[PDB]
Amino acid sequence: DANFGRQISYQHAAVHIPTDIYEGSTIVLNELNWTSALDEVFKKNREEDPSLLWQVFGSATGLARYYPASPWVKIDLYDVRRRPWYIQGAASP
Amino acid sequence: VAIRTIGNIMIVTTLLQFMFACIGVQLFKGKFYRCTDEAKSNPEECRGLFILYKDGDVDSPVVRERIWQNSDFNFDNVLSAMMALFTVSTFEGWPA
Ligand SMILES: *[C@@H]1O[C@H](CO)[C@@H](O[C@@H]2O[C@H](CO)[C@@H](O[C@@H]3O[C@H](CO)[C@@H](O)[C@H](O)[C@H]3NC(C)=O)[C@H](O)[C@H]2NC(C)=O)[C@H](O)[C@H]1NC(C)=O
């Protein structure tokens, strides 16, 4: 797709889980079930505005579910809870 | 002949070592388990992958699997306790 420097997919949303966080635990799986309803709004948002970039939900669990789905970028040390946009919204200055 | 006369001492030593093995079983039964990384304190969260820092340096990380491992010389049952106490009595690896 153009306006995207990589391969994407509007069919669903991708989930990023940090290496230190085990996928398939009770905390993650419960967080990974109710977040599946975010995909409907993800597609609805793009329908109104086709020129829309990444929409991401950074969970306090640790996993980030973003749309559209796209394969992730050595080892990966990415944690959504340390990103500047997550920290600025978690608390006031 | 020297072996035959000794046996009274061997019997007492074996009995005392068996009693000490039973006491060690009562004490450290299954308590010697540990995870591959010193951050998970139970098998329920000692699963998946984790980031290991080689030689303690923060700038050299590497991905490793974490396994809920058990000590080689444990006190899980009576025979294991007897073997561990024998290795201790030989003064080898007893500080560990
Ligand atoms: C969290 O996980 C739950 C377990 O998978 C999901 O619950 C399941 O959702 C299915 C999709 O609707 C349900 O299937 C149908 O549900 C309707 C609603 O009552 C009924 O017609 C039937 O139960 C069923 N239809 C069939 C089988 O033809 C499951 O019943 C339902 N429960 C299960 C599988 O135990 C949740 O949807 C999920 N949460 C989110 C936000 O996705």
# chains A, B, ... in the order shown; residues from 1 in each chain; ligands from 1
>>> residues_around(residues="residue 25 of chain B", least_positions_apart="4", cutoff="9 Å", atoms="only C-alpha atoms", output="PyMOL selection string")
chain B and resi 20-21+29-30+74-78+80-81
>>> residues_near_ligand(ligand="ligand 1", cutoff="9 Å", atoms="only C-alpha atoms and all ligand atoms", output="list in words")
residues 30, 32, 33, 34, 35, 36, 37 and 38 of chain A
>>> write_last_selection(atoms="N, CA and C atoms", output="CSV table (one decimal), in the first residue's frame")
chain,number,residue,atom,x,y,z
A,30,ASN,N,-6.9,-12.6,28.8
A,30,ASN,CA,-8.1,-11.8,29.1
A,30,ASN,C,-8.0,-10.4,28.5
A,32,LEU,N,-6.4,-9.9,25.8
A,32,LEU,CA,-6.4,-10.1,24.4
A,32,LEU,C,-7.8,-10.6,23.9
A,33,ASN,N,-8.8,-10.7,24.7
A,33,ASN,CA,-10.1,-11.1,24.3
A,33,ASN,C,-11.0,-9.9,24.2
A,34,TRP,N,-11.1,-9.1,25.2
A,34,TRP,CA,-12.0,-7.9,25.1
A,34,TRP,C,-11.4,-6.9,24.1
A,35,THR,N,-10.1,-6.9,23.8
A,35,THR,CA,-9.6,-5.9,22.9
A,35,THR,C,-9.9,-6.3,21.4
A,36,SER,N,-10.4,-7.5,21.2
A,36,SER,CA,-10.8,-7.9,19.8
A,36,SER,C,-12.0,-7.0,19.3
A,37,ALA,N,-12.8,-6.4,20.2
A,37,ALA,CA,-13.8,-5.5,19.7
A,37,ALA,C,-13.3,-4.2,19.3
A,38,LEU,N,-12.0,-3.9,19.5
A,38,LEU,CA,-11.4,-2.6,19.0
A,38,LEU,C,-11.3,-2.6,17.5
>>> interface_residues(of="chain A", to="chain B", cutoff="9 Å", atoms="only C-alpha atoms", output="number ranges by chain")
A: 19-23, 25, 75, 77
>>> write_last_selection(atoms="N, CA and C atoms", output="short mmCIF file (atom, residue, chain, number, x, y, z; two decimals), in the first residue's frame")
data_model
loop_
_atom_site.label_atom_id
_atom_site.label_comp_id
_atom_site.auth_asym_id
_atom_site.auth_seq_id
_atom_site.Cartn_x
_atom_site.Cartn_y
_atom_site.Cartn_z
N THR A 19 9.00 -9.06 24.51
CA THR A 19 9.67 -10.34 24.71
C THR A 19 9.58 -10.79 26.17
N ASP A 20 9.77 -9.86 27.11
CA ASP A 20 9.74 -10.21 28.52
C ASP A 20 8.35 -10.64 28.99
N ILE A 21 7.30 -10.33 28.23
CA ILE A 21 5.93 -10.65 28.62
C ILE A 21 5.51 -11.92 27.91
N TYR A 22 5.06 -12.90 28.69
CA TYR A 22 4.66 -14.20 28.15
C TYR A 22 3.24 -14.10 27.59
N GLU A 23 3.09 -14.44 26.31
CA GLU A 23 1.76 -14.53 25.72
C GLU A 23 1.13 -15.87 26.05
N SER A 25 -0.71 -16.10 29.02
CA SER A 25 -1.00 -16.06 30.44
C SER A 25 -2.43 -15.58 30.67
N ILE A 75 17.46 -8.01 18.41
CA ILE A 75 16.37 -8.30 19.33
C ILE A 75 15.49 -7.06 19.49
N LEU A 77 13.36 -4.61 21.97
CA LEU A 77 13.20 -4.11 23.33
C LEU A 77 12.08 -3.09 23.42
#
>>> atom_distance(atom1="atom CA of residue 73 of chain A", atom2="atom CA of residue 60 of chain A")
21.8 Å
>>> atom_distance(atom1="atom CA of residue 96 of chain B", atom2="atom CA of residue 53 of chain B")
23.4 Å
>>> select_by_dssp(residues="chain B", states="strand (DSSP E or B)", output="VMD selection string")
chain B and resid 34 49 to 53 61 to 65 69
>>> residues_around(residues="residue 43 of chain A", least_positions_apart="6", cutoff="9 Å", atoms="only C-alpha atoms", output="list in words")
residues 10, 11, 12, 67 and 68 of chain A
>>> select_by_dssp(residues="chain B", states="alpha helix (DSSP H)", output="JSON, numbers by chain")
{"B": [2, 3, 4, 5, 6, 7, 8, 9, 10, 11, 12, 13, 14, 15, 16, 17, 18, 19, 20, 21, 22, 23, 24, 25, 26, 27, 78, 79, 80, 81, 82, 83, 84, 85, 86, 87, 88, 89]}
>>> residues_around(residues="segment 86-89 of chain A", least_positions_apart="6", cutoff="12 Å", atoms="only C-alpha atoms", output="tab-separated table (two decimals) with N, CA, C and O atoms, in the first residue's frame")
chain	number	residue	atom	x	y	z
A	56	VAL	N	-3.38	2.98	17.55
A	56	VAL	CA	-2.78	2.03	18.47
A	56	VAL	C	-3.46	2.14	19.83
A	56	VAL	O	-3.77	3.25	20.29
A	57	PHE	N	-3.70	1.00	20.46
A	57	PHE	CA	-4.17	0.93	21.84
A	57	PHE	C	-3.05	0.32	22.67
A	57	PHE	O	-2.78	-0.88	22.58
A	58	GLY	N	-2.41	1.14	23.50
A	58	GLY	CA	-1.36	0.65	24.37
A	58	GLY	C	-1.91	0.19	25.71
A	58	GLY	O	-2.26	1.02	26.55
A	59	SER	N	-1.98	-1.12	25.91
A	59	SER	CA	-2.54	-1.65	27.14
A	59	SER	C	-1.57	-1.48	28.30
A	59	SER	O	-0.35	-1.50	28.13
A	60	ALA	N	-2.13	-1.30	29.50
A	60	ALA	CA	-1.31	-1.32	30.70
A	60	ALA	C	-0.76	-2.71	30.98
A	60	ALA	O	0.19	-2.84	31.76
A	62	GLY	N	0.78	-4.46	28.68
A	62	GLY	CA	2.06	-4.40	28.00
A	62	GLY	C	1.93	-4.55	26.50
A	62	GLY	O	2.78	-4.05	25.75
A	64	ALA	N	0.45	-4.00	22.72
A	64	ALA	CA	-0.10	-2.92	21.91
A	64	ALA	C	-0.78	-3.50	20.68
A	64	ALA	O	-0.15	-4.25	19.92
A	79	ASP	N	8.68	-1.57	24.38
A	79	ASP	CA	7.61	-1.66	25.36
A	79	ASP	C	6.71	-0.45	25.17
A	79	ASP	O	7.18	0.69	25.22
A	80	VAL	N	5.41	-0.70	24.96
A	80	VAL	CA	4.49	0.39	24.69
A	80	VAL	C	4.31	1.30	25.90
A	80	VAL	O	3.90	2.46	25.75
>>> atom_distance(atom1="atom CA of residue 9 of chain A", atom2="atom CA of residue 27 of chain A")
27.2 Å
>>> decode(residues="segment 44-72 of chain B", atoms="N, CA, C and O atoms", output="PDB file, in the first residue's frame")
ATOM      1  N   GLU B  44       4.248 -20.453  37.670  1.00  0.00           N
ATOM      2  CA  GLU B  44       3.138 -19.907  36.896  1.00  0.00           C
ATOM      3  C   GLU B  44       3.578 -18.750  36.009  1.00  0.00           C
ATOM      4  O   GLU B  44       2.972 -18.516  34.957  1.00  0.00           O
ATOM      5  N   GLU B  45       4.620 -18.020  36.406  1.00  0.00           N
ATOM      6  CA  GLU B  45       5.131 -16.918  35.605  1.00  0.00           C
ATOM      7  C   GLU B  45       6.538 -17.157  35.080  1.00  0.00           C
ATOM      8  O   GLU B  45       7.082 -16.284  34.393  1.00  0.00           O
ATOM      9  N   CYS B  46       7.143 -18.305  35.378  1.00  0.00           N
ATOM     10  CA  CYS B  46       8.437 -18.676  34.804  1.00  0.00           C
ATOM     11  C   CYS B  46       8.227 -19.416  33.481  1.00  0.00           C
ATOM     12  O   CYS B  46       8.564 -20.588  33.316  1.00  0.00           O
ATOM     13  N   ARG B  47       7.634 -18.698  32.528  1.00  0.00           N
ATOM     14  CA  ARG B  47       7.322 -19.245  31.216  1.00  0.00           C
ATOM     15  C   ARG B  47       7.640 -18.207  30.151  1.00  0.00           C
ATOM     16  O   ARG B  47       7.641 -17.001  30.410  1.00  0.00           O
ATOM     17  N   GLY B  48       7.909 -18.689  28.945  1.00  0.00           N
ATOM     18  CA  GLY B  48       8.167 -17.810  27.823  1.00  0.00           C
ATOM     19  C   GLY B  48       9.634 -17.453  27.677  1.00  0.00           C
ATOM     20  O   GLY B  48      10.536 -18.162  28.130  1.00  0.00           O
ATOM     21  N   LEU B  49       9.865 -16.323  27.019  1.00  0.00           N
ATOM     22  CA  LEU B  49      11.203 -15.798  26.794  1.00  0.00           C
ATOM     23  C   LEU B  49      11.488 -14.639  27.739  1.00  0.00           C
ATOM     24  O   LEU B  49      10.579 -14.004  28.280  1.00  0.00           O
ATOM     25  N   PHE B  50      12.776 -14.366  27.930  1.00  0.00           N
ATOM     26  CA  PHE B  50      13.207 -13.245  28.749  1.00  0.00           C
ATOM     27  C   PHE B  50      14.523 -12.717  28.200  1.00  0.00           C
ATOM     28  O   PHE B  50      15.241 -13.413  27.479  1.00  0.00           O
ATOM     29  N   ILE B  51      14.828 -11.473  28.550  1.00  0.00           N
ATOM     30  CA  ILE B  51      16.043 -10.812  28.088  1.00  0.00           C
ATOM     31  C   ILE B  51      17.129 -11.005  29.137  1.00  0.00           C
ATOM     32  O   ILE B  51      16.953 -10.633  30.303  1.00  0.00           O
ATOM     33  N   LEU B  52      18.250 -11.586  28.725  1.00  0.00           N
ATOM     34  CA  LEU B  52      19.395 -11.809  29.594  1.00  0.00           C
ATOM     35  C   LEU B  52      20.511 -10.845  29.223  1.00  0.00           C
ATOM     36  O   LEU B  52      20.782 -10.619  28.040  1.00  0.00           O
ATOM     37  N   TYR B  53      21.150 -10.271  30.237  1.00  0.00           N
ATOM     38  CA  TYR B  53      22.240  -9.323  30.044  1.00  0.00           C
ATOM     39  C   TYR B  53      23.553 -10.040  30.337  1.00  0.00           C
ATOM     40  O   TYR B  53      23.812 -10.436  31.477  1.00  0.00           O
ATOM     41  N   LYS B  54      24.376 -10.206  29.304  1.00  0.00           N
ATOM     42  CA  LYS B  54      25.607 -10.972  29.435  1.00  0.00           C
ATOM     43  C   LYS B  54      26.606 -10.235  30.318  1.00  0.00           C
ATOM     44  O   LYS B  54      26.882  -9.049  30.105  1.00  0.00           O
ATOM     45  N   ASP B  55      27.143 -10.942  31.312  1.00  0.00           N
ATOM     46  CA  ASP B  55      28.137 -10.416  32.245  1.00  0.00           C
ATOM     47  C   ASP B  55      27.636  -9.193  33.007  1.00  0.00           C
ATOM     48  O   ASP B  55      28.438  -8.407  33.522  1.00  0.00           O
ATOM     49  N   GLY B  56      26.320  -9.013  33.091  1.00  0.00           N
ATOM     50  CA  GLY B  56      25.745  -7.897  33.809  1.00  0.00           C
ATOM     51  C   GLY B  56      25.748  -6.578  33.070  1.00  0.00           C
ATOM     52  O   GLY B  56      25.322  -5.568  33.643  1.00  0.00           O
ATOM     53  N   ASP B  57      26.211  -6.548  31.823  1.00  0.00           N
ATOM     54  CA  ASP B  57      26.251  -5.310  31.059  1.00  0.00           C
ATOM     55  C   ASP B  57      24.880  -5.019  30.462  1.00  0.00           C
ATOM     56  O   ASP B  57      24.250  -5.902  29.872  1.00  0.00           O
ATOM     57  N   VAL B  58      24.420  -3.776  30.616  1.00  0.00           N
ATOM     58  CA  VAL B  58      23.101  -3.404  30.117  1.00  0.00           C
ATOM     59  C   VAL B  58      23.089  -3.213  28.604  1.00  0.00           C
ATOM     60  O   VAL B  58      22.020  -3.290  27.985  1.00  0.00           O
ATOM     61  N   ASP B  59      24.245  -2.988  27.986  1.00  0.00           N
ATOM     62  CA  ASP B  59      24.322  -2.722  26.556  1.00  0.00           C
ATOM     63  C   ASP B  59      24.504  -3.983  25.720  1.00  0.00           C
ATOM     64  O   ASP B  59      24.632  -3.880  24.496  1.00  0.00           O
ATOM     65  N   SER B  60      24.519  -5.160  26.341  1.00  0.00           N
ATOM     66  CA  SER B  60      24.687  -6.431  25.635  1.00  0.00           C
ATOM     67  C   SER B  60      23.579  -7.386  26.056  1.00  0.00           C
ATOM     68  O   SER B  60      23.805  -8.307  26.852  1.00  0.00           O
ATOM     69  N   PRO B  61      22.366  -7.196  25.545  1.00  0.00           N
ATOM     70  CA  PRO B  61      21.265  -8.101  25.876  1.00  0.00           C
ATOM     71  C   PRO B  61      21.138  -9.244  24.879  1.00  0.00           C
ATOM     72  O   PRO B  61      21.569  -9.161  23.727  1.00  0.00           O
ATOM     73  N   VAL B  62      20.528 -10.328  25.350  1.00  0.00           N
ATOM     74  CA  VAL B  62      20.306 -11.515  24.530  1.00  0.00           C
ATOM     75  C   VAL B  62      19.043 -12.207  25.023  1.00  0.00           C
ATOM     76  O   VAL B  62      18.765 -12.238  26.225  1.00  0.00           O
ATOM     77  N   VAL B  63      18.270 -12.751  24.087  1.00  0.00           N
ATOM     78  CA  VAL B  63      17.008 -13.404  24.416  1.00  0.00           C
ATOM     79  C   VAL B  63      17.279 -14.845  24.823  1.00  0.00           C
ATOM     80  O   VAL B  63      17.987 -15.580  24.125  1.00  0.00           O
ATOM     81  N   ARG B  64      16.713 -15.253  25.957  1.00  0.00           N
ATOM     82  CA  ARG B  64      16.866 -16.607  26.460  1.00  0.00           C
ATOM     83  C   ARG B  64      15.514 -17.127  26.925  1.00  0.00           C
ATOM     84  O   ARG B  64      14.610 -16.358  27.260  1.00  0.00           O
ATOM     85  N   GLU B  65      15.385 -18.449  26.935  1.00  0.00           N
ATOM     86  CA  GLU B  65      14.196 -19.099  27.464  1.00  0.00           C
ATOM     87  C   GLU B  65      14.336 -19.293  28.967  1.00  0.00           C
ATOM     88  O   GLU B  65      15.417 -19.621  29.465  1.00  0.00           O
ATOM     89  N   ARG B  66      13.241 -19.086  29.696  1.00  0.00           N
ATOM     90  CA  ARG B  66      13.229 -19.297  31.137  1.00  0.00           C
ATOM     91  C   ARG B  66      12.530 -20.610  31.454  1.00  0.00           C
ATOM     92  O   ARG B  66      11.412 -20.855  30.988  1.00  0.00           O
ATOM     93  N   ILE B  67      13.194 -21.450  32.245  1.00  0.00           N
ATOM     94  CA  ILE B  67      12.715 -22.783  32.584  1.00  0.00           C
ATOM     95  C   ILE B  67      12.696 -22.913  34.100  1.00  0.00           C
ATOM     96  O   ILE B  67      13.655 -22.522  34.773  1.00  0.00           O
ATOM     97  N   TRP B  68      11.604 -23.460  34.632  1.00  0.00           N
ATOM     98  CA  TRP B  68      11.517 -23.734  36.060  1.00  0.00           C
ATOM     99  C   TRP B  68      12.343 -24.969  36.392  1.00  0.00           C
ATOM    100  O   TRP B  68      11.833 -26.094  36.361  1.00  0.00           O
ATOM    101  N   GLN B  69      13.618 -24.771  36.708  1.00  0.00           N
ATOM    102  CA  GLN B  69      14.553 -25.868  36.887  1.00  0.00           C
ATOM    103  C   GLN B  69      14.613 -26.311  38.346  1.00  0.00           C
ATOM    104  O   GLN B  69      14.152 -25.624  39.259  1.00  0.00           O
ATOM    105  N   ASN B  70      15.200 -27.487  38.553  1.00  0.00           N
ATOM    106  CA  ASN B  70      15.402 -28.058  39.874  1.00  0.00           C
ATOM    107  C   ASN B  70      16.887 -28.300  40.098  1.00  0.00           C
ATOM    108  O   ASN B  70      17.650 -28.498  39.148  1.00  0.00           O
ATOM    109  N   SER B  71      17.292 -28.277  41.363  1.00  0.00           N
ATOM    110  CA  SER B  71      18.684 -28.521  41.704  1.00  0.00           C
ATOM    111  C   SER B  71      19.082 -29.949  41.348  1.00  0.00           C
ATOM    112  O   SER B  71      18.276 -30.881  41.420  1.00  0.00           O
ATOM    113  N   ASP B  72      20.344 -30.111  40.948  1.00  0.00           N
ATOM    114  CA  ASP B  72      20.847 -31.441  40.617  1.00  0.00           C
ATOM    115  C   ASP B  72      20.860 -32.345  41.842  1.00  0.00           C
ATOM    116  O   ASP B  72      20.541 -33.537  41.745  1.00  0.00           O
TER     117      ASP B  72
END
